[PDB]
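Student: Numbering (our numbering), first residue to last: 4 to 127.
Ideal placement from N, C-alpha and C gives every residue a C-beta, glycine not left out.
1. Give me the Cβ distance between residue 43 and residue 93, rounded to the nearest whole Å; I'm assuming they're in contact under 8 Å.
2. Check whether the Cβ of residue 109 lies closer than 8 Å to any Cβ atom in chain C.
3. So the candidates are 9, 112 and 11; which of them puts its Cα closest to the Cα of residue 66?
4. Please confirm whether residue 86 and residue 48 have their CB atoms less than 8 Å apart.
5. Considering only residues of the same chain and omitting the five flanking positions on each side of residue 101, which have a CB-CB separation below 6 Å?
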């Protein structure tokens with residue numbers, strides 16, 4: 004099964020472009036990233052920054068998540084993003100989206116495991 008981290012890259016990362024190049028960006032990207040495979044995902048954001056810069060947000064500003072959890076982080080700087088929002092005519096399998104370009108701070112939930120001892124090697 005696809006990992007949680009890979010699924011985030013698939014749904015949100017587009018470091019290959021600096022911004023949405025046209026009004027059909029979302030229609031194309033929601034389809035090519037499989038976000039319209041079985042249903043039309045309603046709202047989705049793509050981030051036009053390097054994978055290193057997006058992963059770095061996990062060590063930036065800790066803020067509360069929408070659901071009340073405490074593992075969300077907000078980027079210190081704004082980032083180039085594209086908001087994809089379904090239009091009213093959107094009807095699976097013919098999903099349809101409005102593309103909006105923005106420069107905003109992103110807020111993402113991060114997961115990992117702390118760097119801790121896992122084996123005892125020797126003493127000296």
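Tutor: Inspection of the coordinates gives the following:
1. 5 Å
2. The chain labelled as chain C is not found in the depicted structure, where only one protein chain is given.
3. 112
4. yes
5. 88 and 90
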